[PDB]
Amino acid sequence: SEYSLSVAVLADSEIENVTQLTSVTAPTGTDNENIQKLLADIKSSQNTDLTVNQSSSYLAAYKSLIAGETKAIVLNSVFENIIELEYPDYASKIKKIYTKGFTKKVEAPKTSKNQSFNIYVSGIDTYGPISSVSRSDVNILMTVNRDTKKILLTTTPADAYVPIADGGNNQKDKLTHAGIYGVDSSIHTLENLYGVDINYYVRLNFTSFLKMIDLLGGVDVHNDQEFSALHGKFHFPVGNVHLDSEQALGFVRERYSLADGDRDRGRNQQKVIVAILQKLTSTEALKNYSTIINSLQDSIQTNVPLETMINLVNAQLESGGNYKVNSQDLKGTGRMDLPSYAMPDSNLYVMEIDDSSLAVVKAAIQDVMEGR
């Protein structure tokens, strides 16, 4: 993955270059390694020493800049998207006078040493190209045991108030914010929360989802409660329902009108995963898996190695047999009085996790992995 650190000043600043500065404001408490690499680059290329005015975060640095409390800040590009949450116009307020590119080696997929593996499915709340940065509102762990032919779907509510890994600095915030930092943040957050290894991920957005359902010829689910979606455009009666792509996206997004709200929305997402798996495990879809890869690779990100896809597909083509699927959801209590690490100035709704639910969820993941 590619990112950058820059020295930024106000758009109208008389400052044109780093040699005109004596200090820069930066969150060296939390991004020190990156910040020092920028400062060494500036020393190398411009023979300019800069002292650091420590800020509590990139957001705090940005606030000090616009307030005119500092002349210049360091900005790590990843955090631009975090700043944007409180300051949507931030890009228009600043100019960049020095830029350094950075590359982080992606954490490899982990091959399980047994019959079970965990795949994290992250669903990003935007239309458009897959590289579009947004929140991760779908966060479903799929625990698969090829020996017992069981799958467990664990849904963690988007609003779940948990320590956010990496860019989140392990501070508590809504899980969905982890998606802004990147898929590695979401993965590590859930690995930390459930105490399990996540072998692979799949990341997709609204546009990705539509393309996938189109390719599979829609999906078939059993709907448990009458509801409508997307400003009353779609109406879903009780019973068996065929969902084309737009219908399916409405089906997985609606929560307010459901009897159990977001928990029911979580259950509808789980129904749709099962329905997708049923399409993906048809003889034709398996035989044609390479065409599916070709058709969706520009819109769906995954680190499942090709080799592994081939093994999973071919084992299934040879053996047949359906996976029995069970589902569970992490429970808690909605609150509006807890601080968001990403958005400290805003009152947000979060779900404080129930301890006993966490224990149950963890135990069920372990059981399925071990074949209990």
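All residue numbers are counted from 1 along the displayed sequence.
Higher mean CA temperature factor, per the PDB entry, when comparing 279-287 with 102-110: 102-110. The PDB entry records a higher mean C-alpha B factor for 226-234 than for its counterpart among 226-234 and 161-169. Taking the PDB entry at face value, the top CA B factor among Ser55, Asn311, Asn303, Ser340 belongs to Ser55. Compared with the other modelled residues of the chain, the Cα B-factor recorded for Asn192 ranks in the middle third. In the PDB entry, a CA B factor belonging to the middle third of its chain's modelled residues is recorded for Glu246. When the modelled residues of the chain are ordered by their C-alpha B factor, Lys149 lands in the highest third. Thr126: CA B factor in the middle third of modelled residues in this chain (values from the PDB entry). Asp220 sits in the middle third of its chain by CA B factor, as recorded in the PDB entry.
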